[PDB]
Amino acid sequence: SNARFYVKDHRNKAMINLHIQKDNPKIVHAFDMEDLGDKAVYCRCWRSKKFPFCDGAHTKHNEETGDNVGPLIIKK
């Protein structure tokens, strides 16, 4: 292996969110359980066109970057 090709362990510099609500300095969503339906599927990858809800965009992120992120599900 040629070590000159490898980026050694380092403190992350890359953003997670690239586009969503970029005039908001810290994006938080807060929901009351009363308002939720039977199931809500929330995005944790910041790629969904339906953010804060998951639309399956994580599958593209994971395949493209080698990551393993997925949504948070709250069900009733």
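Numbers for residues come from their place in the sequence shown, where the first is 1.
Among all modelled residues in its chain, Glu63 ranks in the highest third by Cα B-factor. In this PDB entry, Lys8 carries a Cα temperature factor that places it within the middle third of its chain's modelled residues.
When the modelled residues of the chain are ordered by their C-alpha B factor, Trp46 lands in the lowest third. Ranked by C-alpha B-factor against the other modelled residues of its chain, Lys39 falls in the highest third.
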